[PDB]
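Shown next are two forms of a single protein chain, provided one at a time as structure tokens under the names structure 1 and structure 2.
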Structure 1
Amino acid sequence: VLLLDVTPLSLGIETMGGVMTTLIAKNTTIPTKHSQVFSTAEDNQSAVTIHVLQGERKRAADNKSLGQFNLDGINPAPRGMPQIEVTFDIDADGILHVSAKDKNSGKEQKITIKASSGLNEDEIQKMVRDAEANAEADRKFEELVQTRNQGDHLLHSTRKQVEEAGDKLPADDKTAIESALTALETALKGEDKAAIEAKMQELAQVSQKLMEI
């Protein structure tokens, strides 16, 4: 065949830390369908927002928003435990159906997005050009986000170990752990990946007695 219908830009959702995670790649032939399981970013989360994005940038905010919806009634559970199946399906007429379903509770929500939505030919070409012109910056942002998400979880896991250990943790040690938690917290707000990893290292270096308990 010398012609066919494709979806012209990647399609996906926003995931933890402000990144676009792709479910259908640019230039995929239509009709097509893809599903992927996701989970919750923090402990006890009862809801997620599925923000539907079109484009090639790694920052969710730099992509075209096609719509959004919430899924709620998830039983509050530890981060990473809920199994939320997200499905993008584009039919032969370019209509995009997105659904999210929480496996445990069975709760599901969906939206339908018309084929005329999204970026036009000029904006499609500008998106591919802008993505390439910013390829290194976007790679650096993705790595930063990965590191931030790891430190964010190290803040939460460490703090709970402090709780559980209670009196079994020497006051000297709680002191040093507390200050390193605050320094990690501050670093996570910045954009320097090595600074964050360094505060993670400093925190490990005062958590050894906590490690053993």
Structure 2
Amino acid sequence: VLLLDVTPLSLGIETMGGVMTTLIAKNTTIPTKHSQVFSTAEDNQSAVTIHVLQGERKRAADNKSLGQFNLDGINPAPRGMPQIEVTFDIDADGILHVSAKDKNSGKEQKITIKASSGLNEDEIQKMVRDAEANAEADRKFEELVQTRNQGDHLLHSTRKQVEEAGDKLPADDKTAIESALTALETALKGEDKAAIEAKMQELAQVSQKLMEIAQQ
């Protein structure tokens, strides 16, 4: 063939922390189909917003918004237990269907995106350019969001373990841990990666008996 139809930019969805997670990489021959499983961030969450993005930047806000839709009717569950499978499907005509399917409940919602959506040739180029001009800030951004999500995980996990421990936990351990979890929660409200890791480590430093209880 003398030609190939390819995606000029990456396609994906916004995930927790405001980061674009890629489902179809830049430069993919179409027709193409890819799927990944995502989940909930909060206990008892009833819905997820799927926000479809085109572009090469790490910040979702820095990419082109192709549309969003909600999947609701997610049944009560602990965070991270629902299996929300997201599929990007680009048919032979260049049309993108994104769907989100709850593997438990069976619910499905889609958005269809025409082949002529997104950035034009000019902007595809200004976009590829910046992904490079800013490769650094993006990396610092992405690792901040990862730290933040790791801190939020440990925040939630440790609180749950404290409950499940209840009386097994000495009051001197419980006072230290709950003070660390307050400072953690205060830090996660910030954009300071080192300060988030300091409170994470503080918590790991005081939680050792908790961990030994939780393991038994």
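If you superpose the two forms and keep the largest set of C-alpha atoms that fall within 1.5 Å, you have the rigid core. Residue numbering: sequential along structure 1, first residue numbered 1.
**Q** Looking at the rigid-body rotation between structures 1 and 2, which one of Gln45, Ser39, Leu181, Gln146 is the hinge residue?
**A** Looking at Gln45, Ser39, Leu181, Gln146, only one falls at a hinge: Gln146.
**Q** In degrees, what is the turn of the smaller rigid part relative to the larger one between structures 1 and 2?
**A** Value for the rigid-body rotation reads 12 degrees.
**Q** Once both forms share the same rigid core frame, by what distance in Å has the CA of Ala187 shifted between structures 1 and 2?
**A** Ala187 is displaced by 1.9 Å at its C-alpha.
**Q** Provide the displacement, in Å, of the CA of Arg59 between structures 1 and 2, taking the core as the superposition reference.
**A** On core superposition, this C-alpha lies 0.3 Å from its counterpart.
**Q** Relative to the superposed core, report the C-alpha shift of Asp173 between structures 1 and 2 in angstrom.
**A** Taking the core as reference, the C-alpha of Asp173 is shifted 5.3 Å.
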